[PDB]
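S.K.: If you count the sequence shown from 1, position 53 lands on 78 in my numbering, and the numbers rise without skipping. Using N, Cα and C, we set each Cβ at its ideal position, and we do this for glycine too. One structure coming up, written as structure tokens, with questions to follow.
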Amino acid sequence: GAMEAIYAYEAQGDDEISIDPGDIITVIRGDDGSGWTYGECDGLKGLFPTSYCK
Numbered sequence: 026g027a028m029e030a031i032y033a034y035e036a037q038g039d040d041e042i043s044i045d046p047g048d049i050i051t052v053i054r055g056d057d058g059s060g061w062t063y064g065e066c067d068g069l070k071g072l073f074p075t076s077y078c079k
């Protein structure tokens, strides 16, 4: 499955990825209640905030 970024996020840690509006992000591990999804966009992989996407 995938998510589309609707807000920008700037990573704050080596395990996070920056996303920009319009990014299509493939979900690897969905949100487990933490507010973070683990996924990949054009091979960039890491955690990003679920609520910044749809």
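According to the neighbour-count rule (16 or more other Cβ atoms, all chains shown, within 10 Å of its Cβ), is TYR32 buried or exposed?
M.R.: Locating residue 32 in the sequence shown gives position 7, where the first residue counts as 1. Exposed, because fewer than 16 other Cβ atoms sit within 10 Å of the Cβ of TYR32.
S.K.: Do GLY47 and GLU29 have their CB atoms nearer than 9 Å?
M.R.: As a working mapping, residue 47 is identified with position 22 in the sequence shown. As a working mapping, residue 29 is identified with position 4 in the sequence shown. Going by C-beta atoms, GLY47 is nearer than 9 Å to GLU29.
S.K.: Could you compute how far the alpha carbon of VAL52 sits from the alpha carbon of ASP40?
M.R.: Residue mapping note: residue 52 aligns to position 27 of the sequence shown, counting from 1. Residue mapping note: residue 40 aligns to position 15 of the sequence shown, counting from 1. C-alpha separation (whole angstroms): 15 Å.
S.K.: Please classify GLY64: is it buried, with 16 or more other beta-carbons within 10 angstroms of its beta-carbon, or exposed?
M.R.: Numbered from 1 along the sequence shown, position 39 holds the residue referred to as residue 64. Label assigned to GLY64: buried.
S.K.: Taking the beta carbon of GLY26 as the centre, do at least 16 other beta carbons fall within 10 Å, making it buried, or is it exposed?
M.R.: Your numbering for residue 26 matches position 1 in the sequence shown. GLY26 comes out exposed.
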